[PDB]
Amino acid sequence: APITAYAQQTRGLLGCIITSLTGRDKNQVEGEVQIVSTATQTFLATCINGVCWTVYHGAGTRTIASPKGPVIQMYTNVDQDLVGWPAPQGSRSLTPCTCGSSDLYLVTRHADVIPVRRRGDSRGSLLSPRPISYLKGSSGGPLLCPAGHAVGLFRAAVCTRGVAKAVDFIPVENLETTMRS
């Protein structure tokens, strides 16, 4: 089956803020990618193999709000630009790619899956470029191989004149590495 996805907003501005301070999220969790938010920005956190990874330059060394209060990160790595918490009770996890496909797909914050041709360990070419405003909020999102397995996490956009031609990502390997370090 083809990679399809949808998005559901679970909470608004005020509830988010309260929860940010309160540190206790009582809502139910579903999905492989959580739409994450801080006080400053919003992005994505992908659940790969029991852990909920996101981009460090967004989560920082913050804690994720859970029903049992704040949850301390289980992985932080300023250099690999990664952080990770135990996947929230309810989510479903993706598994890493094992086909070395170079035809990847990026699931965006708007639940749109767009193609990116792998051009190296951390780059890929948007077969059909998009403006950066579109890609905003998609950091920490997944890069799936044709089989739907995690190849990487969207990190930055390779843009010029406000239009993203390519994308820079974090290979699943750096997660595994970050895990053992």
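Throughout, rigid core stands for the largest set of C-alpha atoms superposing within 1.5 Å between the two forms. All residue numbers are counted from 1 along the displayed sequence.
Greater average departure of CA atoms from the shown form, over structures and residues in 6 other deposited structures of this protein after a core fit, characterises 29-37 among 121-129 and 29-37. Annotation: of the segments 101-109 and 82-90, 82-90 departs further from this form in 6 other deposited structures of this protein (C-alpha atoms, root mean square over structures and residues, core superposition). The stretch 122-130 shows the higher mean C-alpha B-factor when 32-40 is compared against 122-130 in the entry. Relative to one another, 158-166 and 20-28 have unequal mean CA B-factors, and 158-166 is the one with the higher figure. In this entry, the residue among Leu106, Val78, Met74, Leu94 with the greatest C-alpha B factor is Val78. The PDB entry assigns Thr61 a C-alpha temperature factor belonging to the highest third of its chain's modelled residues.
Compared with the other modelled residues of the chain, the Cα B-factor recorded for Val116 ranks in the highest third. Split the chain's modelled residues into thirds by C-alpha temperature factor. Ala7 is in the lowest one.
Among the modelled residues of its chain, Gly84 has a C-alpha B-factor that falls in the lowest third, as given in the PDB entry. In the deposited entry, the Cα temperature factor of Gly148 places it in the middle third of its chain's modelled residues.
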